[PDB]
Structures are given as structure tokens and as C-alpha cells.
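Labels below follow one simple rule: chain letters A, B, ... track the order of the sequence lines, proteins then strands, and each chain is numbered from 1. Side chains included, hydrogens not; waters and symmetry mates left out as well; all remaining heavy atoms used. Whatever order the structure lists them in is the order used to number ligands and atoms, beginning at 1.
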Amino acid sequence: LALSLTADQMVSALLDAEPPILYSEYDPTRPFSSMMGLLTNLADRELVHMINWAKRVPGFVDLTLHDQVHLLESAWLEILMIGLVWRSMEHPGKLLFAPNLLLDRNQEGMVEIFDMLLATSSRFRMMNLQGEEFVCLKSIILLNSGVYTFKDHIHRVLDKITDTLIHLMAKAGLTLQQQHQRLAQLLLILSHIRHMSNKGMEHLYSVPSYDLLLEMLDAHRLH
Amino acid sequence: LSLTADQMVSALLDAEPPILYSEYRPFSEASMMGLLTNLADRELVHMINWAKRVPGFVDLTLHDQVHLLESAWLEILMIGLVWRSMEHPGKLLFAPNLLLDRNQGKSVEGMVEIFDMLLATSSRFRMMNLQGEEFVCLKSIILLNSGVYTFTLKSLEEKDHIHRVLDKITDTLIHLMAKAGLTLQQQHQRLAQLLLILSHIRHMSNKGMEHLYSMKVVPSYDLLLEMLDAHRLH
Ligand SMILES: CCCN1CC[C@@H](CCc2ccc([C@@H]3c4ccc(O)cc4CC4(CC4)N3C(=O)c3ccccc3)cc2)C1
Ligand SMILES: CCCN1CC[C@@H](CCc2ccc([C@@H]3c4ccc(O)cc4CC4(CC4)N3C(=O)c3ccccc3)cc2)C1
């Protein structure tokens, strides 16, 4: 039934599903120093809203809960990262983790990933990434990050998102050549977001459990 | 940059490296990694020659060429392996005389996880019926794209050039698919499917990089620079 939405209906649904921007849980009256504790706590709170968002991506909830959890397990860090890059676009050289937690690169192994995220924000700024495009990209990360590491339904939803992205670019006046060129440009940034998630995962080990994710998904009560 | 799509395909097909063999030290679990390392080392030399023939690559500085190869070489080995393996379900065709199944990939801690990811990519290629012309385009995208987000006025010019070459490879992939008779819808859908596989190949390369370091092991910047930094005396 979700595969029957029009491109405009798909965009509207994704825009409406957007999660809120959360704040860091630091007392702004106290001394600043604890950064990883604040960032970890923010990420933990941002996961619940991510799950609520995922449940509104058309087609996601037609999957079994087991497969929903596996997609979230694969995608959650990439999704946190692309959200961070999106909100940092208009803050050259800085990362807007929260509206009260804007850090620059001067604030072991952290700067390497900080620089990669700053480079993604700058690429988004160079391409003039639109909000409608960003929500489609985030939905593609959710469905594609865990699809090879477990499928037909996932691929049909991914195809619908590609159609929606192309529709947005055609509506913006791009030529057919510019549409395919921009689609490729946006999807190649996803490979860099995967790379960052991989390197970020290494840095953090230097993971939300299946049960935690399943609990956040709040299963229906008639099994 | 002025090549047509047809000329791009032709240049990429002509640049393709040869399929190398393993030595004919009999094969055993104990000798496996030595055999695979020796093969990869020989493939890397041909990979350098191939890269210099990818349109637009040698227009970049030496330093940037090295950086792009440093970031891409394992992905390139892997996608080559997945392509060689596409017609052999359940097996990885490292060489025509070195065709392994995943039970052979269990002797080393952490190998079977990567082996399975590679088999899954091979299966995906097969389900998509990936064409040879599409493959060489994807391999060229990996070369130009994997390191472009990890690099001055010269750097800005290099990045603009890389993105222009990437755009012409996109145009080439679309041309191939149009020529194959796909609708415009099917063309953008297949372009997206192909490019999303590159995210999985990046993931496999990062996991592979961790596995290689767990064992002992990469081409140094200086080694890659030595092979790329050729003289003109031959
Ligand atoms: C209860 C189960 C355990 N939990 C479950 C979930 C797990 C959470 C681990 C965790 C801890 C911290 C981050 C932040 C963070 C926070 C919010 C954001 O939106 C984005 C980010 C981006 C990010 C990922 C790179 N990050 C860093 O700090 C960082 C930024 C630049 C350079 C180096 C590091 C994300 C994720 C811990
Ligand atoms: C001083 C210079 C040092 N050299 C520089 C170059 C470096 C070479 C390290 C090196 C050693 C071995 C591989 C093989 C290999 C060989 C050929 C192929 O086409 C592809 C592959 C694929 C690959 C990377 C995953 N692999 C494995 O074994 C493997 C396969 C499945 C699961 C787990 C592991 C590649 C690369 C060492």
C-alpha cells in the first residue's frame, strides 16, 4: 500500500516524519570541559526519535520486526551522522551537535572523524542540498545499509525513493542530464557516510542491542 | 572531459587489467594467505597502470593520484574479485586456479564474515545482471570517489575536475542503459541500484582493512607513489 504513494505524497510523508532537534543535557550555567558523555547521552536520546521516524518511512513497517531491527542496527550511526551534517551546513567549520552544543575542530582519533563530517557538510553546502533531498537520502540509508548483510520489498521502496528524488529535481527545473548527475552525486556521498560510520564505529570502540531497538519499536500487542 | 560516452566505455574496456593466476607450495589452509597476498601484490602493479588510463586521472597531481589510490585500492581489488566471481555461485574466484568456498574461509578468525559479504555482492551483481561495461564504469567511480572527501586553490581545482569526470561517467552509465533499451524510469532506478552497491563495497573495504591489520600489510603512500611516479625514459 505504501508503494502506491505518488512522489509528492512520498515527500510530504517524509517531511512530516522528521524527528525533532534535541538539546544537549548540560547545565549551561556550569563549567564546560565530559564532552563524550554529553555526546553519548544526546545520541542515546536521538535514537528513540530515529525509531519513530523510521516507522513513518513508507514501506518500512511492512517488514517483519526482526528485519526492521536489523536495518536499524545497520543504519543508526549513519543516520545520526547525516542529521548532524545537515544541521551543520550553515555553520562552516563547525558541527552543530545541538543548538546549545556547537563545536569547532579545535574542540585521540576524534579530529579525523570531525574533519570527515565537516567535509560532508561543505559538500552539501556546495551542492545546495535541499530538505526534500535530505529526507530521501536519510530514508535510503535506513533501507540500504543492512540489505546486503541479512529484500524484494526493500528494493521496491528504494526504487520509489529514487523516483521521488528524480521528481524533485525535475520540479526544480534541472535538465534530464542534470537530474541523473545530481542523483549520482547524492548517492556517492552515501558511500562517504558509510565510511564515516565505519571509522566512527572504530573510534567509539577504541552499540544499541537488538532488544533495546525492539523495545523502542513498541511492537503491536497481538502477536 | 571531451570524450563521448562511447569513447569513455572504449577507453575503460581497453584499460582493463588482465586476470592473474596463483602460483602453480601446494594449496593448504596454512599457505592460503601467502598465496592471496602474493596475488594482490601482483594485481596492484596492474592496478596502477589501469588507473593512469582512466580518463582524467593523470590530469591530477601525483600527490592526489596517490591519495585516491591509497583510499581506493582495496575496494578496487574487491570489486574485481566480485566481478570474477559473479558466474560462480557460492564461490570466490581469486584466480582461475584459486576458487574458494566459504568453508575454506573459516580457517582465519574473521575471514568468513568478509567472505560472506563478498559472496552477497556477487549474488547482487548476478541478480542485477551487471554488464561488463557497467562494471568498468563502477570501478572508475570507486577510483575517483573514494578519496575525494579526504583531501588550497589547486585542491579546489582538482576536486572540481574529479567531480566533472564523475559526471561524465554517470552520463556514460546512463548512455549504456539507454542503449540497452531501459526506460528513463528504469535508467535512473538502475543507476541508483548500482551506486548504492558502492556503499556496500566501501563497507567491505573498511571491514577488510581491519581484518588485514588483525593478521600482521597495506601499500604505503611511498610505495604507491613509487609506482605512480614514473619517469619518461622507457
Ligand atoms: C545504550 C546503548 C549505547 N548507546 C547507544 C548508542 C550509542 C551512542 C554512541 C555515540 C556516541 C557519540 C556520538 C556523537 C554524535 C552524537 C549525536 C549526533 O547527532 C551525531 C554524533 C556524531 C558522532 C558519531 C560521530 N559523535 C561523536 O561524538 C564524534 C563526532 C565527531 C568525531 C568523533 C566522535 C554518536 C554515537 C551508545
Ligand atoms: C608491501 C606491500 C604489501 N602488499 C601491498 C598489497 C597488500 C595486499 C594485502 C591483501 C592480502 C589479501 C587480499 C585478498 C584478495 C587478494 C586478491 C584479490 O583480487 C582480492 C582479494 C580480496 C581480499 C581483500 C579481501 N583478500 C583476502 O584474503 C580475504 C578474502 C575474503 C575474506 C577475507 C580476506 C587483498 C589484499 C600487501
Side-chain angles (χ1 to χ4, degrees), chain A residues 19 21-22 24 35-47 49-50 76-88 95-98 101 103 105 107 109-118 196-197 199-201 203-209 212-213 216, chain B residues 17 19-20 22 32-47 73-85 92-95 98 100 102 104-106 108 110-119 204-205 207-209 211-215 217-220 222-224 227:
Chain A
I21 299 179
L22 304 190
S24 173
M35 223 184 35
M36 275 295 312
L38 287 173
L39 291 176
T40 295
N41 178 271
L42 177 68
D44 280 332
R45 286 182 286 116
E46 266 182 298
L47 198 53
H49 297 277
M50 184 190 301
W76 70 268
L77 184 57
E78 294 165 279
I79 289 155
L80 289 191
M81 292 168 164
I82 197 183
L84 172 62
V85 166
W86 171 252
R87 78 194 174 246
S88 308
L95 290 179
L96 191 60
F97 289 92
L101 193 61
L103 304 183
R105 88 183 280 285
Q107 273 150 318
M110 176 159 177
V111 73
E112 284 96 337
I113 298 158
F114 205 107
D115 281 346
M116 289 185 252
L117 287 158
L118 287 172
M196 289 194 294
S197 167
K199 297 309 265 165
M201 273 307 194
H203 176 61
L204 294 173
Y205 284 121
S206 66
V207 169
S209 69
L212 172 65
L213 296 170
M216 281 183 196
Chain B
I19 292 175
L20 305 188
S22 188
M32 193 172 65
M33 293 304 306
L35 290 179
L36 294 175
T37 297
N38 177 273
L39 173 70
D41 281 341
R42 287 181 281 117
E43 287 184 277
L44 186 64
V45 181
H46 292 274
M47 176 191 316
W73 66 272
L74 187 54
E75 286 175 271
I76 295 162
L77 286 182
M78 291 157 165
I79 199 182
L81 170 66
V82 167
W83 173 255
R84 289 195 303 276
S85 306
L92 293 179
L93 195 151
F94 289 89
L98 201 54
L100 305 186
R102 79 187 286 290
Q104 306 182 279
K106 305 189 194 186
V108 186
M111 182 174 39
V112 73
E113 295 62 34
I114 292 157
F115 206 101
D116 284 339
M117 281 168 152
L118 289 154
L119 289 173
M204 275 195 311
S205 166
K207 294 324 190 87
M209 275 300 189
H211 179 77
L212 292 179
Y213 276 102
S214 85
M215 293 207 261
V217 67
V218 307
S220 48
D222 292 308
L223 169 59
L224 293 173
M227 269 177 297

Asker: Specify the closest pair of heavy atoms between B:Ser205 and B:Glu75, including all atoms of both residues, with the distance to one decimal.
Answerer: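 In this case the closest contact between B:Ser205 and B:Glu75 is CB-CG, 3.3 Å.
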Asker: What pairs with A:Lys199 under side-chain hydrogen bond (donor to acceptor under 3.5 Å, both in side chains), at least two apart in sequence or on another chain?
Answerer: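 Per chain and number, A:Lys199 pairs via side-chain hydrogen bond (donor to acceptor under 3.5 Å, both in side chains) with A:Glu202.
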Asker: Check ligand 1 against A:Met110 and write out every atom of the ligand that is under 4.0 Å from a heavy-atom position of the residue.
Answerer: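 Counting atoms of ligand 1 from 1, those under 4.0 Å from A:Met110 are 32 (C), 33 (C).
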Asker: Report all protein residues having a heavy-atom distance below 4.0 Å to some atom of ligand 2; order the list by chain, then number.
Answerer: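 Its neighbours under 4.0 Å (heavy atoms only) are B:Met33, B:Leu36, B:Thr37, B:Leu39, B:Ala40, B:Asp41, B:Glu43, B:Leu74, B:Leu77, B:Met78, B:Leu81, B:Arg84, B:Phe94, B:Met111, B:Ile114, B:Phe115, B:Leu118, B:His211, B:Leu212, B:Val217, B:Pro219, B:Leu223, given by chain and number.
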Asker: A:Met35: heavy atom below 4.0 Å from ligand 1, yes or no?
Answerer: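 Distance cut 4.0 Å: A:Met35 fails for ligand 1.
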Asker: Strictly distance-based, threshold 3.5 Å: is any side-chain N or O of A:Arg87 a donor or acceptor partner for the main-chain N or O of A:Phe97?
Answerer: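 Yes, because the side chain of A:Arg87 sits within donor-acceptor range (under 3.5 Å) of the backbone of A:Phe97.
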Asker: Return the minimal non-hydrogen interatomic distance between A:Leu38 and A:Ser24, and the atom names on each side.
Answerer: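 Looking at all heavy atoms of both residues, the shortest contact is CD2-OG, 3.4 Å.
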Asker: Using the side chain to side chain contact (heavy atoms under 4.5 Å, CB included) definition, which of the options B:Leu74, B:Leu224, B:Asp41 pairs with B:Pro219?
Answerer: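 Checked B:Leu74, B:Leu224, B:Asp41 against B:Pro219; only one passes side chain to side chain contact (heavy atoms under 4.5 Å, CB included): B:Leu224.
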Asker: Can you list the atoms of ligand 1 that are under 4.0 Å from a heavy atom of A:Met36?
Answerer: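 Close to A:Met36: 28 (O).
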Asker: When you compare the side chain of B:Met111 with that of B:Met32, does any pair of heavy atoms fall below 4.5 Å?
Answerer: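 Sidechains of B:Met111 and B:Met32: in contact.
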Asker: If you compare all heavy atoms of B:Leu93 against all heavy atoms of B:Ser85, which two are closest, and at what distance to 0.1 Å?
Answerer: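 Result for this residue pair: N-OG, 2.8 Å.
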